[PDB]
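Those sequence lines, one after another, are chains A and D. The opening residue of the first sequence carries number 1991 in the authors' numbering; numbering runs sequentially from there. The opening residue of the second sequence carries number 632 in the authors' numbering; numbering runs sequentially from there. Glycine included, every Cβ here is placed at the ideal spot set by N, Cα and C.
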Amino acid sequence: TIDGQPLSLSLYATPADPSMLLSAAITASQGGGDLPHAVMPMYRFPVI
Amino acid sequence: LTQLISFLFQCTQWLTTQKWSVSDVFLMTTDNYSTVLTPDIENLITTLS
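Structure representation (structure tokens):
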């Protein structure tokens, strides 16, 4: 203008949106229990 | 062409009604999945065995 102020208005850039935070549960896989060696005892079946 | 347009429109409408994403429907409906041995799959194997 006569005073130095601009006629055409300014551009308003869009701000960035807040992102959505993500989490996860990674999982493991260990081996199972393997059977030991069997020993024969001295007692009968109802006692053992 | 208009069948494809109507299909894409109503699929997008059902998607945004169900509050899912295209990635979510792609997870539930894909066919190009991995072939790697996941620990969850290993746990399923040892449990079901």
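Check: Under 7 Å Cβ-Cβ, which residues of chain D neighbour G2023(A)?
Finding: For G2023(A), no chain D residue has a C-beta closer than 7 Å to its own C-beta; the minimum C-beta separation is roughly 11 Å.
Check: Contact check, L1997(A) vs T1991(A) under 8 Å by CB: the rounded distance?
Finding: The Cβ separation is near 6 Å, so the contact holds.
Checklist line | Alpha-carbon spacing of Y2002(A) relative to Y664(D), whole angstroms | finding: Taking the straight line from one Cα to the other gives about 43 Å.
Margin query: Please report whether the beta-carbon of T2004(A) lies at a distance below 8 Å from any beta-carbon of chain D.
Written below: For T2004(A), no Cβ of chain D is located within less than 8 Å of the residue's own Cβ.
Note to self: Strictly below 9 Å CB to CB, what residues from chain A border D671(D)?
What the structure shows: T2017 and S2019, listed in chain order.
Item checked: Helix, strand or coil at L675(D) [DSSP, three-state] -> In the three-state reduction of the DSSP assignment, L675(D) falls in the helix class.
Check: Beta-carbon of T647(D) versus every beta-carbon of chain A: anything under 8 Å?
Finding: For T647(D), the nearest beta carbon of chain A is not closer than 8 Å to its own beta carbon.
Note to self: Between which residues of its own chain and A2014(A) is the CB-CB distance below 8 Å, once the five residues before and five after are set aside?
What the structure shows: Answer for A2014(A): no residue qualifies.
Next item on the list: Just confirm the distance between the C-beta atoms of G2022(A) and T669(D), as a whole number of angstroms; I'd bet it's less than 8 Å.
Entry: About 17 Å separates the two Cβ atoms, so there is no contact after all.
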